[PDB]
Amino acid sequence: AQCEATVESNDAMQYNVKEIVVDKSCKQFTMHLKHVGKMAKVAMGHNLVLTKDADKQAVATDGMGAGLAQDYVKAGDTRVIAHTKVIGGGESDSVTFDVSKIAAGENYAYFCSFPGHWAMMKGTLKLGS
């Protein structure tokens, strides 16, 4: 609703939403992430990272090497448009980004960069109204 969306992540390594459509009327957009499971962030942590589809694996790979304290996102990665912190069960986080950083027709992927999660936790985000 409005210029925001909510994605729930669980203990089975899955997002409940696979596609997010950003309305052209939005100048800013907010992504809310909820970890609805009961596992600790050291075993089943989740975040939400947004990049062009092409940059997915590269960003997830470098992110793994950043560590948990860095929310598994390489500090100052220019390929990441927006990202939340890594959360454990019973928690949540939000991230707001500039819609101008998004282009029509372009393909964007949101995924979890916690080690090994990217291969199963991913969705598509795009501008469209």
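The first residue of the shown sequence is 1; numbering continues from there.
- The deposited model assigns a higher average Cα B-factor to 96-104 than to the other stretch when 81-89 and 96-104 are compared.
- When the mean C-alpha temperature factors of 9-17 and 110-118 are read from the deposited coordinates, 9-17 comes out higher.
- Ranking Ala54, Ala69, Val36, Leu33 by Cα temperature factor from the entry places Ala54 first.
- In the deposited entry, the Cα temperature factor of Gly63 places it in the middle third of its chain's modelled residues.
- Sort the chain's modelled residues by C-alpha temperature factor and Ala43 lands in the middle third, per the entry.
- When the CA B factors of the chain's modelled residues are split into thirds, the value for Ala75 lands in the highest one.
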